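Each of two forms of one protein chain follows alone as structure tokens, named structure 1 and structure 2.
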Structure 1
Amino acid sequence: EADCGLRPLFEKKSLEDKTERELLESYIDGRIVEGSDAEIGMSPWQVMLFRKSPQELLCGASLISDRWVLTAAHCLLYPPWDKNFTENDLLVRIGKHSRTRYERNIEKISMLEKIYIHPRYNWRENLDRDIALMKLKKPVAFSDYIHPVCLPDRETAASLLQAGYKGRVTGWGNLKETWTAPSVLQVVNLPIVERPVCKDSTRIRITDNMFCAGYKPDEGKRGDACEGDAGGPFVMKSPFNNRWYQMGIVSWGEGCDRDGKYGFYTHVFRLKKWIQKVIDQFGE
């Protein structure tokens, strides 16, 4: 997608959001609060996935072109809970900022024509290959508020996804919502964690198709990975072309009863073969 990742209200107006520079420099400040309300149109690829009946927020997702939305598989299909949502059970809401209000002349509601779950999705064990695509019934018209994120290529994947570098999760806290057993869009900047520390920190068997971001419980940081929505976008800005790239999809978070624990994310580039195939073969 030629114009992907350049936000109409920032990169296009040559404006910078409050914390993108810290992201570009991988800068870790001594400050404790690392999460805040999102500025208007800071994350315009942000999608809400809704159950039609009863109406309710199921998951996050992201816009990757006028016809395609990306999310996590376990948002749509999860047999242990008898979860199998059809195209006909769901709506997507794009261009939103506040959760608890319909936002006319800003947001757009689309129907789904078809769902594509990764064939090797593994719910039995660890949510390996936790990825799905949703083809919109109708192409959606872009605005200042609705704009697709880029997907990484080989070189972008290689430079950007390294332990120590900093990405960004946006969402309305649905990872918190599901498990405690806040209405404006949240942004949190989180660093990518070394693989052995991700391995060490969780009980799940992690695979190379996953990465984790967040802070050691050492530093008192209260920038939370659970501000994410399951299915939602983990993004990073390239210092080479000024574009936003979706490097991750929120799969789960650890200690969403406030712990300062890592979020786990589907490694998008690693599954790009499947993504491209459905987009190329089953699209236009």
Structure 2
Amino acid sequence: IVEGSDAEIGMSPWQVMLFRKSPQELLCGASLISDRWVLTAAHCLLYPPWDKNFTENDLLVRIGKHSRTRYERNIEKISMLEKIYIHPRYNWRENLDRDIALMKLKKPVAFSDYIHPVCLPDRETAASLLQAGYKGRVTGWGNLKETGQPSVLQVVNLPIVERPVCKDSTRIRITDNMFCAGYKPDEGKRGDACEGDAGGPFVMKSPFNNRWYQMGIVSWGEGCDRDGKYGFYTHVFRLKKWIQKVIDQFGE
């Protein structure tokens, strides 16, 4: 995250970290939606142009963390992967549409004050909250600038942007399955998700039930915290039929 600030303990209990076994490296972020299902970006697990293509084996998910680094002794929980599920129609060559993947934990995690799950929106909340101007929460352990990493999980609140503006900032073929957020040039407030952030969540808090809903997945962009530019996120709502298909197919 660029232009954001230090999270607060237990402020993002569904914040999950996708970790590399060896080389032991952090590769992305993701969120917890049940005690055995984790959501992330497909490109976190499979992105050819990088010769990326991991298996439920090369990886580990670390749950309940604050430090980017310390082993948080009674506080974190290390988990193994059962199956990884990439969207049958996730396009990496062209626009990164349907940048989404589910991962089933070999074992269900035990909720705590630092571990608990975010909610996925229903039709109605999507219309309510997904409106140009409304703000979102994007948390990550990603870069502190386009071109380091924080000591602690970072948070930045940003507003959804209007379709046409999104389309006007980039040459990429923006689809119905993504959304854009960050400030406009004329608004003089910044912040954006940067590298090490995809998979991580874009959440909003309903004024109706006071629950956090996951409205997007940190996906992609041109640069980071660039005037005239917008962070792009996967439309969680939009791709729910599939999340739901694979879930009550392969777990729960």
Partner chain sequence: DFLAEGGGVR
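Quick note, the numbers are simply positions in structure 1, starting from 1. Definition used throughout: the rigid core is the maximal C-alpha set that superposes within 1.5 Å between two forms.
- The second of the two standalone chains is derived from the form solved in complex with its partner chain.
- A displacement of 2 angstroms or greater separates the C-alpha positions of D257 between the two structures, with the rigid core held in common.
- Shown in the overlay between the two structures, fitted on the rigid core, is a CA shift at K52 smaller than 2 Å.
- The Cα position of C226 differs by 2 Å or more between the two structures after fitting on the rigid core.
- Comparing between the two structures on a rigid core frame, one finds that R205 has its C-alpha moved by 1.1 Å.
- Taking the core as the reference frame, the CA atom of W81 shifts 2.0 angstrom between the two structures.
- Taking the rigid core as reference, the CA displacement of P191 between the two structures comes to 0.3 Å.
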